[PDB]
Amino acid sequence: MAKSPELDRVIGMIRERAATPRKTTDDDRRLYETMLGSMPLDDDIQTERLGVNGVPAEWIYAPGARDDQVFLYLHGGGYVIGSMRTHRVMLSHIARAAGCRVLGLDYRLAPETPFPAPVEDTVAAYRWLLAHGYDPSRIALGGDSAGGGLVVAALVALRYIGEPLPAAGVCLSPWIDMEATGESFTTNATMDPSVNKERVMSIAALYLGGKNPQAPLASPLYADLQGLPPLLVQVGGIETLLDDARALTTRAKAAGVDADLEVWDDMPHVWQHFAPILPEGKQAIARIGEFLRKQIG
């Protein structure tokens, strides 16, 4: 929607998906995979499927990776869609930029398994890393949209159950409010080509399975954020989720957490997916990589 042939092309891919007629949950899952499926994994990327405390997962790393540094990654999709199939290319770029390993979780999705399953899964996976000799100071959690919010909820959960906390969290267009009350849901409604308030609320109802929409672990907008490690938050200027990112950063700082927010003008929801064809994607990922090298490197 802004000018730049590369951005034009990305917006086109996003608008095509948003306008493609769908019926079933699995249709929605496949359509997300389709949008992101024209951008292949680099030949030199290593991947490995494995279970981590029962959670299906995937190591993703580039040559020269530090096998003792781990970015534990939680994909977006409203807790209903998404997988390593949609996210592995982006994670491979992050891995190469940070020089670390990415552990991506194919965590449990709704409606099959509702809230708080993904929080449980993140905890199990983190516990798996600790049990396998990985150092808390060399682990960071990352996620986008639902995953961004999950990063926060999981960090809170870990503190609440006394686990030694990771070095850092990365939140890409985090969704932290099940009720979509942020003002940007109104102001950015015609600007955002992929996320809207009606979509978010319907998905929230699927995830919640009848549980309280303001539960702190589903909506960390309401969670106790004391004690969390440094956060990097990125979000696009045209996003309806813009005020979620701002609220998170404000609530974090108020709780004493070192949080830094970057608002990237003209960027759509999780534009980092399109790094292979989008300069701003590469730049934002380079910035994630710097932050990770600082915190776990």
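Don't overthink the numbering: it's just position in the shown sequence, from 1.
Engineer: Going by the B-factors listed in the PDB entry, is the mean over the C-alpha atoms higher for 200-208 or for 153-161?
Structural biologist: The entry gives the higher C-alpha B-factor average to 200-208.
Engineer: Between 227-235 and 30-38, point out the one with the higher average CA B-factor as the PDB entry records it.
Structural biologist: On average, C-alpha B-factors are higher across 30-38.
Engineer: Tell me, please, which of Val52, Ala62, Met267, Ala259 has the highest C-alpha B factor according to the deposited entry?
Structural biologist: Of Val52, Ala62, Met267, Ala259, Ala62 has the highest C-alpha B-factor.
Engineer: Considering only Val70, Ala247, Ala254, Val263, which residue's Cα atom bears the greatest B-factor as recorded?
Structural biologist: The C-alpha B-factor peaks, among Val70, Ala247, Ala254, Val263, at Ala247.
Engineer: Sorting by Cα B-factor within the chain, modelled residues only, which third would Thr190 end up in: lowest, middle or highest?
Structural biologist: Its C-alpha B-factor belongs to the highest third of this chain's values.
Engineer: Of the three thirds of its chain by CA temperature factor, lowest, middle or highest, which one includes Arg127?
Structural biologist: It falls in the bottom third of the chain.
Engineer: In terms of the CA temperature factor given in the entry, to which third of its chain does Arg101 belong: lowest, middle or highest?
Structural biologist: CA B-factor rank for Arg101: middle third.
Engineer: Place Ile296 in the lowest, middle or highest third of its chain's C-alpha B-factors, as listed in the PDB entry.
Structural biologist: Ranked within chain, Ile296 CA B lands in the highest tercile.
Engineer: Among the modelled residues of its chain, does the C-alpha B-factor of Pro136 lie in the lowest, middle or highest third?
Structural biologist: As the PDB entry reports it, the C-alpha B-factor of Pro136 lands in the middle third of its chain.
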